[PDB]
Every structure is written in structure tokens, then in C-alpha cells.
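What follows is a pair of forms of the same protein chain, given separately as C-alpha cells and numbered structure 1 and structure 2.
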Structure 1
């Protein structure tokens, strides 16, 4: 019999055995397993994407990116199990390093010391430096996408929404749809942006920093436009200069339709926080994406001075590229690319 976990097939033997359910991830069931080759427990997530084009797109994005990335602060893919033949292939099993928890869970239970916050933020930005050096955007950074171990080591995961950066094609309408998690969206997303620039990830990191400082999401919008109102509830109404940068006619009109809001000083929002952390937070949560701090500058910020060290901050060999643009491909074609991409792990 293939191994079973809570009524579900988990066909990862004989190599991986001694399974334990650990949770539901974004794609399906995840277990811990004993790897009989490397003599260690690992994480295995069961993906069943093939009925839907979007699940197929995200699965392929994640696999292609994570096979190509290698970095301490980024989750790997160690092994992939799928069927010998494509018709047989209904599930893909992605094997990853087993971690202890994620930041989302840690923040439910623990107030973090300034030291831990500083180190966590370093690691996020260290990993993001590498991602960005490959001209890749994560586009869904949030606490639950940051895995942690007992040692405070941090790995960014869940690259299903990643894209190659494309600042030339960033511009789009007002009210455009967006996939990434609401609370971590930059203001421009709700205004003129498709999220194809690096500044999109920096915003999300700033939201995570705020959350590490207080154990509350800084901008817990309930709906699309509400999110932006929460943002402006802290940043205040945008400056003249920043209004003038938005090209969408609709967007700046929408902004002018809103009631004026007073900027809430960071001092006041986080009274016990390190002033250096707040200065960096300010620079990450800047309304105008052009003026927003970049990953290398954030790393070089005084707050992270005990860690910043380019000699210990690897970068990618060269820019990433999709071989095919994945969004005009039907699911049967995406299933074939997934088959191909996973063949290097077949006996």
C-alpha cells in the first residue's frame, strides 16, 4: 500500500517513510517524512495542480525558480516525486528542508526582542538581495512565507506568485485585480501598478518589520480599497509630488476624492522601538515607489550595521528569465513543462 496520511495518499515511499501530518499549506497537505537516503526528517508537500491553469502556473513558477536558486535564506527543493509517465502524473511531491515554524506562528506566541527583530530583518533582506539580484520578485512576502528554525535561522518560501521584474510594463489601470495577500500590498497596487518592480517586495518587508515590532499587522485592510485607506491612515495623504507621479487619471482622482489624513509619526506608533529600526521602516514604507529604499540600501542602513557584509551576501550569477511566458499557456501544456522540469529527479 502507498503511504496514507489522514485519509490521503502520500506516495513517497520507499525513499520517504514514517510520515506525520504537519499542516495545510497553500497547495495541499504537507507532511514530515524520514528520508531513508540522507537519514533525516524533511518536509514534503503534496501538489495536485493539473485541473487548473493557475495552479499549474504557480507550481511551475515555484519549481523553476527554486531549482535555480541556492541561498541560505531561501527554501530549497531537495527532491521531487511524480509518476513515471505524464498520464499517470496527478500529484507532484516537493521535498524541502524541514523547519520548526514560520514567523506568522511565532508572532502569535512571542514578543520579539529588538535583537531578534534585527536579525530576522537582516535575513529577510539578505535573501531578498539574492532574489532581486536575479531580477526576480517574490511578490507575496508575509510572515507565513518565512520559515524559521529553533536557531532563529530564516528561509523565504512560497514562490508561486514570483515574476521576473519588468519595470517597463509595470503600469496598469486603477482598480486592477491583484493576487498577493492584501495586508502586504504596496499602495501603488491599488492605484497604477501590476507589481512588476522590486519596490513591491520592499513594501512587504516594511509591513513585516512593523509586524515584528508590535505583533499586529500594520495595515489590516478588509477589502481592496480599504487596504489603501489603512495605508494612508498611517502615512497620511500623499504629498503633492507623489500625487503628480501617478499617471492613471482615475487613480489620482480617486486619491483626491478621499478625506485628508494626518501622518501618524512612527515615534508615536511604536514608542518603544529602536529609532534606527523606525528610520528604516519609514524608508521601506514610503508611498512613492521611486523613492522607496532598495534592498542594498536597506541592508546598508544603520539599523543592520552589526550584520551588513557584502562578502557574506551572495548574489545570483545572472538575471533569471522565463523560457516561455506562462500566462498564455493552457494547463495541458503547463503539465508537460512541469513533467520536463521534474525529470532530473526521476531514476
Structure 2
């Protein structure tokens, strides 16, 4: 089998006899994505071709995503249905990841579709429901954004892409001013630019808040064009932080940067989003709170009046145990990484 060759790792798309049919969907990060007919379950599925074994980073992110997805089981988190690879490490060159077929993502939808308040509400509930599970496993996603939120034709929403995820580590979250960061710029919380490594749950809540804002207007709320511009966008709307919030920033370079800026007043949410439901804007305000300690937590968000039609804690499951396995994976040679990817994928083998 072959699929629309050329460039971007995806000439050969070799998914064994179980999966047939010839439908390019797009480019992932490490290869092409196709839909295919699952001759066993007799439904069409998605297949990602991963060809990560050339780079340490691709491999780390691939191992991370596989370990996490296989351990998680939740309606609002994409699962792995199957993994196709060679029977031996020596022959293992590509890895195919089979998942439920999700026809779009929130990014694509927001390019062309207005969302009713009912859709916004439903999407937000599902995002937070999945996030509650993730956080209950002591895991942080760290790159929540619309393109990492998949949707099917009935509007079921599933969180994807755990390539940047980490185990939460609040005691070791502090860093200096302007510390470089990997996750997508427009969805970074203010503290990332000031004093945070992104090792606490509050980082994800900020991103959800950004996504909420974007659902209300079909435009990213803070589209920074570079590292520090991101902060300037955030302050242009929230206004200058209070003395109390600022006294929380102990590191001098960060504090003094903020102190050097001209005073900016808060732009009221209802002026930015004049057609928004008032309860949505109250919740938005709580998620897009400058001070990460005052920011609302995932369970509190689910409990907010905006989501009252959906909130049901007994039907919002949490993980059976926290993750404590290594998610940094930074001191491992390429050989150990490949071996770990081989071992983590063994359960899908005839073997």
C-alpha cells in the first residue's frame, strides 16, 4: 500500500491486512495520517505513521505520548486502539498508531464555524472533564490548544497530543525571568514568562481559558508574535497586576520588568465578548486569572454555574493511580529510547 508520496514522510503506508483503503488526511508531526477501514471492527479509523527514530526529541515525545495514552482510559481522551510495528527492534523503523476516527479538530472548526452557546458549553465541559482525569493522574498536558482537541461528527471531544506532558512537580516549578519554553506561545500562562517552568496544574487551566475565549469569538485571544509579546498581550487585557499578585513574584528581574511597564487598566470581558453568556465570562475571568494560586482549579470549573446542565461528579471519573514513571526521559541514549518504544508497544503484537 502507498499513499500520496512526495515529501513529509508518507510514501509507504503499510498497515498490514487488518486495515485497508486509501485516504490521506494530513500531516501529523512525525508522518502522515490516513483514515482506513478496520476489517475487524468494520468501522473506519485513523492511523498516524510515526517515523521518529532519527531524532532524540521525536522519540522522547513519541515514547511519552504512547506511555500516557496507553495508561489513560477516558471518553474525552483519545485512545490507542492498536499499534503496528515490526516484530523485532532490528526491523522496527516505523510505528503506526491506530485511533478512533475523529473527523475534525477545534482548530479547523473555528476557522469557519460559529459556535452556538450550547456548543461552547458542551465543548468546554468535555475539555474540563478530560482534564480532570489527566490532573487526577498527576499529569500535566502542557500544550492544550484548539488543534489538540479532536471532534467527531456527533461533537464528542477528545484531547490529544501528550508529547509535552509531564508529571506535576510544584515544589520544583520556579525558574528565572525569560526562561525558554517549548509549548505553543498563544496558550502560555503569564507566569511561564516570569518565574514558572510549567510544572503545575494551573498552567493547563490558563490554556483552557484561552480556548474558551477563542470559542467565543473565533480568534485567539492573546496572539503574541514572540516570547515577551505574549505577556504584553495578556496584560493589555487583564490590566496591570495588583500589588498583591506582584508581591508573589519574588524574582527581581521578573518583578522589576512588571514594575517598569506603564499602568494598564482591565478590559472588561463583556466589551471583548459582547454576545457572550454572562456565566461563561465569569468562568473565563476565573480561568484567566493572573495569579496562578488564585486561578480556578479543574474541579471548581466543572462546578461553576455555567456548566450546571452537565456537571455530574460521579460521571466525571479520575485515574486509578497517579503516574510516577519518568516523563523527562532526557538522560537516555537513542538506543534505550527505541528499546522502550518497542517494549511499550508489545501488547499489540501477535507475539
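Residue numbers count along the first chain shown, from 1. We call the rigid core the largest set of C-alpha positions that still match within 1.5 Å between the two forms.
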query = Quick one: core overlaid, is residue 24 moving 2 Å or more at the Cα between the two structures?
reply = no
message = So with the rigid core superposed, the C-alpha of residue 8 shifts by how many Å between the two structures?
response = 0.8
message = Rigid core superposed: how many angstrom does the CA of residue 324 shift between the two structures?
response = 6.8
key: Per-residue CA shift, residue 257 (Å; core superposed between the two structures)   = 2.1
